[PDB]
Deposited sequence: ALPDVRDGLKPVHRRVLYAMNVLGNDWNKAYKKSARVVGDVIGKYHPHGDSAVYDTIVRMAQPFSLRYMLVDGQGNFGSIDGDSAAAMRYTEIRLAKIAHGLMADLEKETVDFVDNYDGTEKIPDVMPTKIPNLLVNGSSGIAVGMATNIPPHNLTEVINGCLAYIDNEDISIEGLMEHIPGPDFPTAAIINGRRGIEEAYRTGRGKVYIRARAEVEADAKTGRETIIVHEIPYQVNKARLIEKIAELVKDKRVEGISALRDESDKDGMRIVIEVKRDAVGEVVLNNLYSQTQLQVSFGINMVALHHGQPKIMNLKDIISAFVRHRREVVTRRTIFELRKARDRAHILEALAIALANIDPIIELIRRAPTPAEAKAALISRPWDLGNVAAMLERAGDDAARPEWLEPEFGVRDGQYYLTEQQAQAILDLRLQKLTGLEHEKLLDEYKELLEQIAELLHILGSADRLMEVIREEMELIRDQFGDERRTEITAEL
């Protein structure tokens, strides 16, 4: 019931997003019915007939709930007035583009997986996220508000450049929360306290203007934006209640003129009243102004912990160091496995005449294989490629020293012999031959760059910086919530 500080998620979130990932439910592919995803989650991860899965999908798709939606939804997903989402057989979803950054390099042994309820499926323990999702989308015991992604990436970059940065140094890049529903924060004092201690109170206030008709002089209050997590219809019901009960005076009419092009609550003022006095009374009596108690609590390796702003940014960058290191180990083993195979193929294609002759002479493929490994092979015109002044970095770690280039010859493994046996005749054409050799030369350059990253903390942080700036370019947007230096 508490989110992980590294990806900002709970198990139920991770089941939905992983299930969508394994189904190929990608941001640039056709929508699927919500019920398709719900059924995969029930069958594999949450085997109950409840509605919790669909409710999780629905919030993840609501622009009035998430500052950066993780689900791209199509259909009736509810409203700011409290309307319900349609049933799961009527709505359509797919991953949001930013959710792909949440699950980047999940296939590269970057995070631990755990077993599902029956031991036939795996599920990630945490996401390998490039997106600081805890700060950016928030969590609502814990009460972390959402933030602007550009500001947070810049704060992360500032921390990477100076681990001894202070809270005040981070607030030069992160002045405070940024809600999907915009509006106004009155005052900075509660923000500084919450970023310094993990706890503080801020005041959120609606964006509202007092108009006056050009001829008649009559005043109207127009409400453009309301505080985060406030239901518009309930708010208007309450104002009407106060007007009927005479607890708020000066109001002659009230109605919601909102449409799909913006919010517009109309509050008409009596002639004998003052629009600003009415508005100030509404702020004091209604959810046109609310307090938001910031309480930044999250799981730090399984343990609940109160965390200040620096703690949270520090944990996300530490997460990135681990994810990139593990990714680089995985790509290094995968590159060496493939280079190993390509050496066997290059050698077969340089000795093609005795290779074919050997195989034709064999009764069964199982003893053509045994003949290939019993005999060394000349390096031929590919010895420039394989010797390389004693360079043996492309060798798999598990390869015994009796295999590979030796004494000017090559000694195959059984799976290398199998690879040769699996070769299709197309591979003997000229362009396909060179294509295998070009892949091998790229792999040697790739392998050297992977070893550099593993051996230089400076280079690892260079890679992380680049990822951060790219995320800023793709998903950064403009601040919505105004922070005043008043009240």
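Against the full deposited sequence, the model leaves out just one stretch, namely 141-146.
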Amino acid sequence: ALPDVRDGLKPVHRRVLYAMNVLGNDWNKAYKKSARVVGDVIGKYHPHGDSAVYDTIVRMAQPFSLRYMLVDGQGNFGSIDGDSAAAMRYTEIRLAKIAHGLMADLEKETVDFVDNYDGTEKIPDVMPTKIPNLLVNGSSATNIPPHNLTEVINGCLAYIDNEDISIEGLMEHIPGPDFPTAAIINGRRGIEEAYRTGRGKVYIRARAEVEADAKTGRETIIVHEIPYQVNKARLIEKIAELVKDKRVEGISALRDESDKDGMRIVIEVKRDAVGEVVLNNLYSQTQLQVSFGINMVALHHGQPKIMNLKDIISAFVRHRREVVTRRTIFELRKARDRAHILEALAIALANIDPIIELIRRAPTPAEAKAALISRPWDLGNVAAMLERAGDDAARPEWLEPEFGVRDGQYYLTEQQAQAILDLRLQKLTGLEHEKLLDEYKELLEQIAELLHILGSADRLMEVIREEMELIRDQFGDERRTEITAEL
From here on, numbers count along this sequence of modelled residues.
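In this crystal structure, the stretch out of 329-337 and 378-386 whose C-alpha atoms carry the higher mean B factor is 378-386.
Of the two segments, 164-172 and 388-396, the one listed with the higher mean B-factor is 388-396 (C-alpha atoms only). In this entry, the residue among 56, 34, 62, 426 with the greatest C-alpha B factor is 426.
Within the group 104, 242, 194, 87, the record's highest C-alpha temperature factor is found at 242.
In the deposited entry, the Cα temperature factor of residue 293 places it in the middle third of its chain's modelled residues. Sort the chain's modelled residues by C-alpha temperature factor and residue 252 lands in the middle third, per the entry. Among the modelled residues of its chain, residue 442 has a C-alpha B-factor that falls in the highest third according to the deposited record. In the PDB entry, a CA B factor belonging to the highest third of its chain's modelled residues is recorded for residue 140.
Sorting the modelled residues of the chain by their CA temperature factor places residue 435 in the highest third.
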